[PDB]
Amino acid sequence: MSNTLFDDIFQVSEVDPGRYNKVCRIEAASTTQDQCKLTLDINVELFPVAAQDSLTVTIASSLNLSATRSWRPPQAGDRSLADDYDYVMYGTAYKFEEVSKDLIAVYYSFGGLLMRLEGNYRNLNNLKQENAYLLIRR
Amino acid sequence: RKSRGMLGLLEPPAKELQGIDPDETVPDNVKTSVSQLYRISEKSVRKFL
Amino acid sequence: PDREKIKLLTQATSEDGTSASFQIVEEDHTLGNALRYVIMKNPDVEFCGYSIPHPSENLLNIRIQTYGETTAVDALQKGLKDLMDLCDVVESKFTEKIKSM
Amino acid sequence: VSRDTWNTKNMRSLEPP
């Protein structure tokens, strides 16, 4: 509930694999947010995406709502987010840029899978922190 | 800062109310937007120097 | 009592276990890979991997990092025992098939 | 064929030299 930083439904326009066999760069425009655009690299053998399909895209922190320092998966029966999402990535917002007055772009790297999210009014929701989950469901 | 309508304090200010912060009239929205876009801390400048 | 076969590498070992490097002499990819697979099938193990540091040495460093449940030594012991049980299963199946034919 | 030799023959050569 309070851990989702961004949430929108996107209509995919283009899915081009550029010299790739499992990663595509999808282009999607928002629904009812005419200014919000989305460019996203997706593993399409885990989450296949076709041109003109509806994607519910959510950005959240704290997906699950020791000093071992190595990431440990949550328990199998854990009531967490991503139960209702088909594709989840973990990355970091490393760049905020202005594309025009009242319009900014946010850049995420999910281990090299890049996402560029564009919009206007998200200033109290999107930050430059490691905690950023991308949740996509068809 | 000035493209957001608020004051771009390139030059130091000099007035009677120079003590008060010039971002009080801003309604907490473009402040966090500007901090989202450019946020240059004193520690960062000193480390760069 | 072979005190030279397997050695805990103290420099590459965490406090209170859960992370360790073991140096095993006269062993190579054969045991290293099978042991690594079996150990990785342990839910407590978060990092298993071996390396042969140099071809000129009959030597093998296997790395185990666990969570807080068990130690790297216990993970290695469980992996070795599970490798033995796997080999027993294979031997029994092969023997019964050979006898039947 | 189809006859076990490992069961009946003690493996001496498998001992570590």
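For the structure, check the block above.
What counts, and where the lines are drawn
Each chain's residues are numbered sequentially from 1 according to the written sequence, a convention that need not reproduce the entry's numbering, and residues without coordinates are excluded. Chains and ligands are labelled sequentially in the order written, the chains with letters from A and the ligands with numbers from 1. Keep in mind that this is only part of a larger assembly, and the values describe that part, not the whole. Hydrogens and water molecules were not included; the side-chain quantities draw on all heavy atoms of the structure. Counting from the N terminus, the helices are DSSP H or I runs at least four residues long and the strands are E runs at least two residues long. Only C-alpha atoms enter the radius of gyration, while the globule expectation follows 2.2 Å times N to the 0.38, with N the number of residues. Each residue's exposure class comes from its accessible area (1.4 Å probe, protein chains only) as a fraction of the maximum for that residue type: buried when under 20%, exposed when over 50%, partly exposed otherwise. Values of accessible area rely on a 1.4 Å probe in the Shrake-Rupley scheme; residue burial ignores everything except the protein chains shown. Between any two strands, at least two bridges found by DSSP are needed for them to pair. Planes of paired rings set the category: under 30 degrees apart is stacked, over 60 is edge-to-face and the rest tilted, where pairs are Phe, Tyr or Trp rings (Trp by its six-membered ring) whose centres lie within 6.5 Å. Charges are assigned to positions over rings by a cutoff of 6 Å between ring centre and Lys NZ or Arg CZ, combined with an angular limit of 35 degrees from the ring normal. Here a residue-residue contact requires only that any non-hydrogen atoms of the pair lie within 4.5 Å. Throughout, nonpolar core names a set of buried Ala, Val, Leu, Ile, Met, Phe, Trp, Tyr and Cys residues whose side chains join them through atoms within 4.5 Å. Lines fitted to C-alpha atoms define the axes, with helix axes restricted to the stretch in contact, and inter-axis angles between N-to-C directions lie between 0 and 180 degrees. The scheme is simple: roughly parallel for angles under 35 degrees, roughly antiparallel for over 145, roughly perpendicular for 65 to 115, oblique for anything else. Side-chain classes are defined by residue name, with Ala, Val, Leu, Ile, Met, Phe, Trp, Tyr, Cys and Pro counting as nonpolar, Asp, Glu, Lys and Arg as charged, and the others, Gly among them, as polar.

Visitor: If you had to explain the overall build of chain A to someone new, which residues and values would you point to?
Guide: A tally of regular secondary structure across chain A gives 0 helices and 9 strands. The N-to-C order of helical and strand elements in chain A reads β-β-β-β-β-β-β-β-β. For a compact globule of 138 residues, the expected C-alpha radius of gyration is about 14 Å, and chain A comes in at 15 Å, within 12% of that figure. For chain A, the spread of C-alpha atoms along the principal axes amounts to about 45 × 35 × 25 Å. Counting the 138 residues in chain A, one finds 41% classified as buried. As displayed, chain A offers around 8100 Å² of accessible surface, 49% of which is attributable to carbon and sulfur atoms.

Visitor: Quick one: what's the story with the pairing of strand β2 (residues 19-25) of chain C, residue by residue and with numbers?
Guide: Residues and elements named next belong to chain C. For β2, a buried count of 7 out of 7 residues is recorded, marking the element as mostly surrounded by other parts of the structure. Pairing geometry for strand β1 (residues 6-13) and β2, over 5 bridges, is antiparallel. By the bridge assignment for β2, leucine 9 is matched with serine 21. Linking β1 back to β2 in an antiparallel pair, the connection comprises 5 residues, with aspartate 16 at a positive phi of about 55 degrees. Bridge count for β2 against strand β4 (residues 59-66) is 7 bridges, and the pairing is antiparallel.

Visitor: Give me the lowdown on the packing of aromatic side chains, citing residues and values where you can.
Guide: All names here are of chain A. For the coordinates displayed, the defined rule picks out 6 aromatic pairs over all chains. Between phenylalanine 6 and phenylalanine 10, the ring centres sit 6.5 Å apart and the planes meet at 40 degrees, which makes this aromatic pair tilted. Judged by centre distance (5.9 Å) and plane angle (10 degrees), the rings of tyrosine 108 and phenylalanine 110 are stacked. For the residue pair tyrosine 108 and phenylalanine 110, the accessibility class agrees, reading buried in each case. Stacked on the ring of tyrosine 107, the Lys or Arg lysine 95 has its end atom at 5.5 Å from the ring centre.

Visitor: Which residues make up the arrangement of the chains, and what are the values?
Guide: Of all 3 pairs of chains sharing an interface, the pair with the highest contact count is chains A and B. Separated without contact, chain B and chain C have their nearest C-alpha atoms at a distance of 33 Å.

Visitor: Tell me about the nonpolar core, and please be specific about residues and values.
Guide: Here is a general trend for soluble globular proteins: nonpolar side chains tend to be buried in one another's company. Core analysis: the biggest nonpolar cluster contains 31 residues, and A:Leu40, A:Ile42, A:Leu55, A:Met115 and A:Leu134 have the highest contact counts within it. The contacts of A:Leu40, once residues within four sequence positions are left out, are A:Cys24, A:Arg25, A:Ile26, A:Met89, A:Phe110, A:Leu114, A:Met115, A:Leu134 and A:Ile136.

Visitor: Before we move on, can you summarise the packing of helix α1 (residues 29-40) of chain C against helix α2 (residues 72-100) of chain C with the specific residues and values?
Guide: Residues and elements named next belong to chain C. In contact at an axis separation of 8 Å, α1 and α2 are set at 105 degrees when each is read in the N-to-C sense. In terms of orientation, α1 lies roughly perpendicular with respect to α2. On the side of α1, the interface is formed by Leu31, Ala34, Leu35, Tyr37, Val38 and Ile39, while α2 contributes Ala75, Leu76, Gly79, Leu80, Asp82, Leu83 and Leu86. Here the residues of the contact of α1 with α2 sort into 11 nonpolar, 1 polar and 1 charged.

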